[PDB]
Structure formats: structure tokens, C-alpha cells
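The block underneath contains the structure these notes are about, expressed in C-alpha cells.
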Amino acid sequence: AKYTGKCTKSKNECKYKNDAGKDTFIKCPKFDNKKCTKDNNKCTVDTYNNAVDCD
């Protein structure tokens, strides 16, 4: 499966839903590299190996 969402300028996390609409928030791997820079920029998650991308 897969999921789609966005990030928060104040919090670089994927506010997507898993299972069946279960609120989930996971910070993307962007330590002092790109912790988001725009309200609801863009995000994406894959069930393959929990690969969370970032805008």
C-alpha cells in the first residue's frame, strides 16, 4: 500500500492516516537538512519500507 500527505513548517512530520484513517504523525529524516519550509508543502509514505519523502 501507500499514503500521501504534507508537512508543517513548524513541524516536519507526515500527518497521514494508516490502517483506515488512523491519525499518524512521523517526523521525516531531515536533520538540519530540510525540516520543511512551507505550510502543508508535500509528503509521501510507502508501506514498502516506511520510506517517508519530503518536499
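All residue names refer to the C-alpha cells as shown: chains lettered A, B, ... in order, residues numbered from 1 in each chain, ligands numbered from 1 in order.
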**Q.** DSSP-assigned strand (DSSP E or B) members of chain A, reported as a ChimeraX atom specification
**A.** /A:2-5,13-18,22-27,43-46,51-54
(Q) Set the distance at 8 Å and use only C-alpha atoms: which residues neighbour residue 1 of chain A once local chain neighbours fewer than 2 positions away are removed? I'd like the list as JSON, numbers by chain. (A) {"A": [3, 46, 47, 48]}
Expected file: the selected residues, N, CA, C and O atoms, as a PDB file, in the first residue's frame:
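The resulting again39.pdb:
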ATOM      1  N   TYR A   3       0.676   5.917   1.086  1.00  0.00           N
ATOM      2  CA  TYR A   3      -0.040   7.042   1.675  1.00  0.00           C
ATOM      3  C   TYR A   3       0.524   8.369   1.178  1.00  0.00           C
ATOM      4  O   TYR A   3       1.684   8.451   0.771  1.00  0.00           O
ATOM      5  N   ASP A  46       5.457   5.109   1.990  1.00  0.00           N
ATOM      6  CA  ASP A  46       5.256   3.822   1.332  1.00  0.00           C
ATOM      7  C   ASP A  46       5.376   2.676   2.332  1.00  0.00           C
ATOM      8  O   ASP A  46       6.255   2.678   3.193  1.00  0.00           O
ATOM      9  N   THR A  47       4.482   1.698   2.213  1.00  0.00           N
ATOM     10  CA  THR A  47       4.486   0.547   3.106  1.00  0.00           C
ATOM     11  C   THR A  47       5.646  -0.391   2.791  1.00  0.00           C
ATOM     12  O   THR A  47       5.933  -1.315   3.551  1.00  0.00           O
ATOM     13  N   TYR A  48       6.307  -0.148   1.664  1.00  0.00           N
ATOM     14  CA  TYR A  48       7.434  -0.973   1.247  1.00  0.00           C
ATOM     15  C   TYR A  48       8.456  -1.106   2.372  1.00  0.00           C
ATOM     16  O   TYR A  48       8.775  -2.211   2.807  1.00  0.00           O
TER      17      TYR A  48
END
Q | Spatial neighbours of residue 4 of chain A, 9 Å, only C-alpha atoms, chain gap at least 5 places, as an MDAnalysis selection string | A | chainID A and resid 14:17 42:46
Store the residues of this selection in a file with N, CA and C atoms, as a compact mmCIF listing (two decimals), in the first residue's frame.
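Output saved as selection.txt:
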# COMPACT_ATOMS: atom_id res chain seq x y z
N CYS A 14 4.92 13.80 8.72
CA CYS A 14 3.87 13.37 7.80
C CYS A 14 2.57 13.10 8.55
N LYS A 15 1.61 14.01 8.42
CA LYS A 15 0.32 13.87 9.08
C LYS A 15 -0.65 13.07 8.22
N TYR A 16 -0.29 11.83 7.92
CA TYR A 16 -1.13 10.97 7.10
C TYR A 16 -2.00 10.06 7.97
N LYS A 17 -2.65 9.09 7.34
CA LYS A 17 -3.51 8.16 8.05
C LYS A 17 -3.20 6.72 7.66
N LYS A 42 4.50 19.18 1.07
CA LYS A 42 4.26 17.91 0.39
C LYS A 42 4.96 16.76 1.10
N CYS A 43 4.31 15.60 1.11
CA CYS A 43 4.87 14.42 1.77
C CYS A 43 4.36 13.14 1.11
N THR A 44 4.99 12.02 1.44
CA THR A 44 4.61 10.73 0.88
C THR A 44 5.22 9.58 1.66
N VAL A 45 4.43 8.54 1.90
CA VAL A 45 4.90 7.38 2.64
C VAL A 45 4.56 6.08 1.90
N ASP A 46 5.46 5.11 1.99
CA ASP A 46 5.26 3.82 1.33
C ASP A 46 5.38 2.68 2.33
**Q.** Selection near residue 35 of chain A, 12 Å with only C-alpha atoms, sequence-local residues under 3 positions removed, as a PyMOL selection string
**A.** chain A and resi 7-14+27-32+38-39+41-43+53-55
